[PDB]
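K.L.:
Residue numbers (PDB author numbering), protein chains in the order written: chain C, 46 to 132; chain R, 31 to 113; chain Q, 89 to 166; chain F, 32 to 457; chain s, 75 to 97; chain q, 98, 119 to 144; chain I, 107 to 212; chain E, 38 to 247; chain G, 29 to 291. Where is the CB? At the ideal position from N, CA and C, for every residue including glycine.
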Amino acid sequence: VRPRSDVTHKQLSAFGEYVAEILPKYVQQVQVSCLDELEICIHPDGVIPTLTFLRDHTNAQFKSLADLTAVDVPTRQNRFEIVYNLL
Amino acid sequence: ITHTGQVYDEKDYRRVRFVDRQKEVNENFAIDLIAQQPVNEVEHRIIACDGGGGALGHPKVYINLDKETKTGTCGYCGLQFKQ
Amino acid sequence: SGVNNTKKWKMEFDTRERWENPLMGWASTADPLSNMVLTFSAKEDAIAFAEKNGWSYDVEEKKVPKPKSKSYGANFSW
Amino acid sequence: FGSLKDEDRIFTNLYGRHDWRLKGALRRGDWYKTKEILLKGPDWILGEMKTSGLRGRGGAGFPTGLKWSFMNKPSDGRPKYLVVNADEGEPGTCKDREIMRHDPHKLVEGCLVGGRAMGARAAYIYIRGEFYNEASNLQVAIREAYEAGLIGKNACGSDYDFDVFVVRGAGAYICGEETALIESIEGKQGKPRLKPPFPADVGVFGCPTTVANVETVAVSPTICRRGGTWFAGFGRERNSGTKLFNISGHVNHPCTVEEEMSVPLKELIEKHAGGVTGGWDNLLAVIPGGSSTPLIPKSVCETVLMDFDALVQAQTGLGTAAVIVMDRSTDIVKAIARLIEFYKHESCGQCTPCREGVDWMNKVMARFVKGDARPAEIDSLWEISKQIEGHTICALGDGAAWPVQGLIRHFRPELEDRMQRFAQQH
Amino acid sequence: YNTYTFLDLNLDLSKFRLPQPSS
Amino acid sequence: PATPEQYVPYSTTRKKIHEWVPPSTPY
Amino acid sequence: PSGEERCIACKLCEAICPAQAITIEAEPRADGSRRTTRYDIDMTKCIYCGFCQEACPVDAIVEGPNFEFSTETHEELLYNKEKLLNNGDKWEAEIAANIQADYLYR
Amino acid sequence: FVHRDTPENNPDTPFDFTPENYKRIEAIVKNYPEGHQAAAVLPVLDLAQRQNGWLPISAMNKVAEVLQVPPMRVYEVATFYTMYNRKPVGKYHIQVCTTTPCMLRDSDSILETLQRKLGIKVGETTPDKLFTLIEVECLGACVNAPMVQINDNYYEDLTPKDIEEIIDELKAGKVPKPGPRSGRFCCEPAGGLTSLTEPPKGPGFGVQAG
Amino acid sequence: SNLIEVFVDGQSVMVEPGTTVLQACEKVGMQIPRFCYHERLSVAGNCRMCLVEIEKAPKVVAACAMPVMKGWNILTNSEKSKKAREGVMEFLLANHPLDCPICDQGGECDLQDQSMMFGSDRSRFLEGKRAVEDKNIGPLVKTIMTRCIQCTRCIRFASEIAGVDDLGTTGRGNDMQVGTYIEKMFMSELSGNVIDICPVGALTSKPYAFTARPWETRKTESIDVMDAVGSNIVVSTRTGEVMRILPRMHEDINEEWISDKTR
Ligand SMILES: Cc1cc2nc3c(=O)[nH]c(=O)nc-3n(C[C@H](O)[C@H](O)[C@H](O)COP(=O)(O)O)c2cc1C
Ligand code: SF4
Ligand code: SF4
Ligand code: SF4
Ligand code: SF4
Ligand code: FES
Ligand code: FES
Ligand SMILES: [Zn+2]
């Protein structure tokens, strides 16, 4: 059974609302998965704005880019789903 | 000829392979070695067959030696059991 | 009787030559697009991909079992 | 409470001592108000049983009146039917054997009294094949009755028509089930059906049908002819009326007495029948309703009287009210073990739970008697037991689980010792 | 009693039984 | 407690097909 | 021991072989029994991962302690059922000791 | 449950209801609704058993014919019920009740005595084909827990010596007083009736205007 | 509008009166694990592997035979209906012979899956298994019936689709054996369907005995040319030779069945 701490789900969920409030124009959906990780889904135009806010904001410094990858779901109209993981 | 045929027809060009060479063929056919084995007589209607081992043999299946007409044969060892 | 493998639309390609390797007797092939089975979620999204890539399609409508009424007692009538 | 008066004992010919035949029956005056009763109306007859509040005299307990009320609904062009199950495969049910061997007419007029209550065209009586003797006695009795014109078209000088038939059982306990008997009559294998199609709506030969324990059919005419309320007074609350009690095993004088219901369990062996062989303290346990019901240990024996409400409080069932008693010289574990052997040799095998589950408990129970099995296995049989209890198509799987549950519930220390005994001698 | 007596009683109560419906 | 014996592969398969053998004498 | 091949052509060992190396086309062997007519490893695709010795429910296919079997040619590595069965008719004195030595841990 | 055709027990044997039997056959049918001759299987199969105890595959097929049913139907009915015997039972088929009620009354105690008297294992016919012993289950006469059923005789409260008297009477002579032995009759509290000795109240009594 | 409303874990679907509880789950999209229930075969209730729990109800009901009533919410993934499957699967497996690497319905088993998804991680049956005696039902069906879960699909098909009532159950108790009391071959067209309809691999196809294993078989959907009904069929090909032809469902032409000739 998982030892998932609930503190994290909440803390991060709260950041997800923070990011969604700070950037309403580009973020289409924010969700904390049950693996306790966060995912902010942004319109493609928000790629440089959203990542700059995270790289340079005192309450959310996300200095390193862990990876950039693109899942290809052929069904979706916009097949590629570029995903940027930041630390 | 292997226990499963395979013998090349004289005309088969697939015979060059063995020239200056030979053919890997196992002389110990299991069709016969298993026939060179005593039908395992038993008292009970049904019998087990762990493959002569626990965890070192084959999955354990119970065979119904219920009809002398037929010696049950565990599908794994090919061992005939004589009621 | 599991119906979980009959729910998503697949786009498989034509079946070309599957022949025998002379040396070991294995099945060999020259169709690069042989093991290809793209999986979509609707007729609309599969026709789109095929048209997108320039392949010819042969859509086949879905065949869901119709509802067949079943009752336990019925087999007790006379 | 107890000490049912002979003047209140319905089956007066019990123990024979009278002419089970018609002339004995006439002195019994069993056919006294039959014409009137039928004349009164079907609605009058069901009013009588509703007032009686009689419960099912077979192993299952349900209001008798409501069950009969169900097929009192208007005919849909299929002849309604009556099925009387004289099969009593359950151990200790020699209860019914009495009413066929003796006072067979009691059941014959029970059939027509009951018949007009459900408007049945005809009644089929399924006696156990073993009771060839009993089967011979009843049709002699049935033959007498028609000769008289008591049964047949215009039965008892009345508009109503009834025909009564006897069907041969073939040594199956499951043929005793509400639905499976129907299938046996229908001539297919004796395998119960599911309850969604309730017997009333779908039936013997696909027509509406109803099934009653022979005791249930037999008391109807007397409950209506006599005062049903009269009977009601005897019972306790929902429980009501006298039900025959059979006491067998480890008692000085084993006998079937129709003494009143709601009897203290300590009282019926002590006062009637025979006091527990060896003394009332030589009672390892009591099986109140027969093999299907869980046995209750002495500690609770004297405490609860015999009635279905009191027993369900006690976690046991009145059932057929067959009292099987065990002294301290018995092997509680081997006793129940043969009842599981009783059920592996008998369940139909139609349903997965019962088929493998009952065989699985039989194998574990045999090991338990030897003591070969370890102590941890004992609760695992607990868990196997409830898997069978709620999942079975019929009640027999219900019935197989209860004795196992009783042995673990009250005699868990003894089984552990048998566990211990074998481990010590290695 | 004898093996055939139960059924012979049935043989006898045939007439006693009125007609049976037909599906 | 150069060699001629070289493994050479097969197709140990029993040939999995059968061609019509034409009729032996003409018509 | 009797002499009966242990392989009952399950196909539980190419369905896991990640290098996709094994082809075990089978038949009823005319005793009514169930055995291979075909078995194969291409030892130039295998990865010595032992996912075939731990999946085999009968202990037929093993992965022996040889590591001196280099070859001057490509064909001597595409093992057939008879270069694996007489191979197993060679090391069985040396395999079984190691199976019996590790069976508990497995 | 498989009928491997044997010269004795096979379709070859000819089975046919005696002119008298066929009569009985019809009687049964009419009991059931018309066009429901199918139900006649159990009762009829029983008369094939009445005719002959063996009831071979031939006899079952015959039953199917008479009732117009599919043979498999009849085969299923015969296999399910213990009452039917698909093998030749002995002349006197002794069945000993060994459910817990009887056991506690030493029903098994009877068994040992009968095995010795018949001098044979439990479950097979005597060489004489005289008797066949089987460990049958509850017979519904628990009150007299010691109990054995001999071709309907259904004896009760049997003790080793009791069975002794009974088995000897079967071996030489017939009809050995079938029924209980102690004189407890059927379900009599052995000590005394304790009930119903006040003579029956007669008709009309208690009517209470229903 | 005689639709009656019933809740599938809340989806609140509306269904015709007389639809079974199993059928109600299907329209929401849930699948009741089932054995002995086939859509075009009569409901029998033999396995009871489909026990579900309608709401605020005392006991589990058989989704194959219970007519759904008004406003009963089915709870298909409750803590109870899983103990009603974790405990049935305990039983089917208990008397089962472990020869899954013999059973050519290896990956085509509706009994390993349901065990592998809804059943139990371990076994508690420390006792002795049973064995039945292999008989010959023909040259097309190999009945290794020690595999049989007494689900009576075979008996029904043999009696309701093919009108050949040769098959039947014999014996009671755990001894029930589903077969032909006397050894009479099951000779009829429509015969091979029994293979496809027995979820267990007790009786399977004798020609396709051990030539393949289903994960490998590449499946191409084509048409029957042997007869003019033009039955739909799926040709299962491995490495380029056809290994088996089994039916694929066409409501109008062959609804899940194909002839003995075209298989
Ligand atoms: C396995 C089994 C055996 C049964 N045997 C009998 C029986 O021998 N006699 C009987 O009256 N009821 C028997 N029953 C109960 C019947 O199913 C049914 O509930 C009862 O006969 C109805 O009678 P009542 O409503 O008059 O009590 C049995 C039930 C089961 C599950
Ligand atoms: S080797 Fe082991 S696994 Fe591979 S097939 Fe033969 S038996 Fe099945
Ligand atoms: S070891 Fe070689 S063969 Fe065995 S599985 Fe890994 S790769 Fe496939
Ligand atoms: S059926 Fe064949 S495959 Fe499915 S479980 Fe039983 S054995 Fe394994
Ligand atoms: S054979 Fe297949 S179908 Fe017939 S019962 Fe056994 S399992 Fe169910
Ligand atoms: S147990 Fe033998 S009489 Fe019921
Ligand atoms: S599937 Fe519901 S009864 Fe077997
Ligand atoms: Zn073996």
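1. Start and end of the beta strand (DSSP E) containing E:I131?
2. Return the residues of the segment 324-351 of chain F that lie within a Cβ-Cβ distance of less than 7 Å from chain Q, sorted by chain order.
3. Tell me, please, whether the CB atom of G:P235 is closer than 8 Å to any CB atom in chain R?
4. Rounded to whole angstroms, what's the CA-CA distance from G:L103 to G:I165? Just pull it up for me.
5. Tell me the rounded alpha-carbon separation between C:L132 and C:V52.
6. Could you pull the DSSP bridge partners for F:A316 from this structure?
7. Pick helix, strand or coil for E:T119, following the three-state DSSP scheme.
8. Helix, strand or coil: how does DSSP classify F:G237 here?
9. Residue range of the beta strand (DSSP E) that G:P275 falls in?
10. What do you reckon, are the CB atoms on F:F236 and F:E217 nearer than 8 Å?
11. Taking Cβ-Cβ distances shorter than 7 Å, what residues in chain F pair up with residue 228 of chain Q?
12. For the segment 178-192 of chain I, which residues have a CB atom closer than 8 Å to at least one CB atom of chain q, in sequence order?
13. Does the Cβ of E:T116 have 16 or more other Cβ atoms within 10 Å, making it buried, or fewer, making it exposed?
14. Kindly list, in the order they appear in chain E, the residues whose Cβ is closer than 7 Å to that of G:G196.
15. List the whole-angstrom C-beta distance separating s:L92 from F:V171, where the pair is believed to meet the contact cut-off of C-beta under 8 Å.
16. By the criterion of Cβ-Cβ separation under 9 Å, what are the contact partners of E:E63 in chain F?
17. So does the segment 175-185 of chain G actually touch the segment 48-65 of chain G, counting three or more Cβ pairs closer than 8 Å?
18. Residue 245 of chain I by DSSP, collapsed to three states: which one?
19. At a threshold of 7 Å, does I:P124 count as lining ligand 3 (C-beta to nearest heavy atom)?
20. Please identify the residue among G:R68, G:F119 and G:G99 whose C-alpha is closest to the C-alpha of G:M42.
21. Would you decide whether F:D127 is buried or exposed? Buried here means 16 or more other CB atoms lie within 10 Å of its CB.
22. Under the DSSP definition of a beta bridge, which residues are partnered with Q:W107?
23. Any C-beta of chain R within less than 9 Å: which residues of the segment 131-150 of chain I qualify?
24. Kindly say whether R:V55, judged by its beta-carbon, lies nearer than 8 Å to any beta-carbon of chain I.
25. Considering only C-alpha positions, which residue in the set F:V356, F:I355, F:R359 and F:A432 is nearest to F:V389?
26. Helix, strand or coil: how does DSSP classify C:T97 here?
27. Tell me, which residues are paired with G:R246 by DSSP?
28. Contact check, F:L314 vs F:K329 under 8 Å by CB: the rounded distance?
29. Identify, in the order they occur along the chain, each residue of the same chain with its Cβ nearer than 8 Å to the Cβ of E:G160, setting aside the five sequence neighbours on each side.
30. What does DSSP give as the partner residues of F:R86 in its beta bridges?
31. Pick from G:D252, G:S264 and G:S40: whose alpha carbon is nearest that of G:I281?
32. Out of E:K99, E:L151, E:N122 and E:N98, point me to the one whose CA is closest to E:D205's CA.
33. Taking only the alpha-carbon atoms, compute the straight-line gap between C:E126 and Q:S144 and give it to the nearest angstrom.
34. Measuring CB to CB, does F:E178 end up less than 8 Å from F:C425?
35. Between E:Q74 and E:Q132, is the Cβ-Cβ spacing less than 8 Å?
36. Would you mind reading off the limits of the beta strand (DSSP E) that contains Q:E100?
P.N.:
Once the coordinates are examined:
1. Run containing E:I131: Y129 to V133, per the beta strand (DSSP E) assignment.
2. Answer in chain order: no residues at all.
3. No, no contact with chain R.
4. In this structure, the straight-line span from the alpha carbon of G:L103 to that of G:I165 is close to 42 Å.
5. C-alpha separation (whole angstroms): 18 Å.
6. Beta-bridge pairing links F:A316 to F:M357.
7. When secondary structure is reduced to three states using DSSP, E:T119 falls in the coil class, being assigned neither helix nor strand.
8. Residue state, collapsed to three classes: helix.
9. Run containing G:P275: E269 to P275, per the beta strand (DSSP E) assignment.
10. Taking C-beta atoms as the reference points, F:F236 and F:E217 count as a pair closer than 8 Å.
11. No information on residue 228 of chain Q is available, as it lies outside the stretch 89 to 166 that chain Q covers here.
12. Considering only beta carbons, the part of the segment 178-192 of chain I lying closer than 8 Å to chain q consists of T179, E181, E182, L184, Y185, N186, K187, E188 and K189, in chain order.
13. By the neighbour-count rule (16 or more Cβ atoms within 10 Å), E:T116 is buried.
14. Listed along chain E, the residues sitting closer than 7 Å to G:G196 by beta-carbon distance are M109, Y112 and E113.
15. At roughly 20 Å, the Cβ-Cβ gap does not stay under 8 Å, so s:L92 and F:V171 are not in contact.
16. In chain order: nothing, as chain F lies at least about 15 Å away.
17. With contact defined as three or more Cβ pairs closer than 8 Å, the segment 175-185 of chain G and the segment 48-65 of chain G are in contact.
18. The question about residue 245 of chain I has no answer here: the residues shown for chain I are numbered 107 through 212.
19. I:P124: yes, Cβ under 7 Å from ligand 3.
20. Closest option to G:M42, Cα to Cα, is G:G99.
21. Label assigned to F:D127: buried.
22. Partner residues in the beta bridge of Q:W107, as assigned by DSSP, are Q:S116.
23. Taking 9 Å as the Cβ-Cβ cut-off against chain R, the residues of the segment 131-150 of chain I that qualify are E133, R135, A136, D137, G138, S139, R140, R141, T142, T143 and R144.
24. Among the residues facing chain I, R:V55 is included, as its CB has a counterpart in that chain under 8 Å away.
25. Residue F:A432 is the option with its Cα nearest to F:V389.
26. Three-state result, C:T97: helix.
27. Note: G:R246 sits in a beta bridge opposite G:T265.
28. Yes, F:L314 and F:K329 are in contact; Cβ-Cβ is about 4 Å, under 8 Å.
29. These residues qualify, in order along the chain: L170, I171 and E172.
30. For F:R86, DSSP records a beta bridge to F:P94.
31. Out of G:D252, G:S264 and G:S40, G:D252 has the C-alpha closest to the C-alpha of G:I281.
32. Comparing Cα positions, the closest option is E:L151.
33. C-alpha separation (whole angstroms): 27 Å.
34. Contact: no.
35. The answer is no: Cβ separation not under 8 Å.
36. Under the DSSP assignment, Q:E100 falls in the beta strand (DSSP E) whose first and last residues are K98 to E100.
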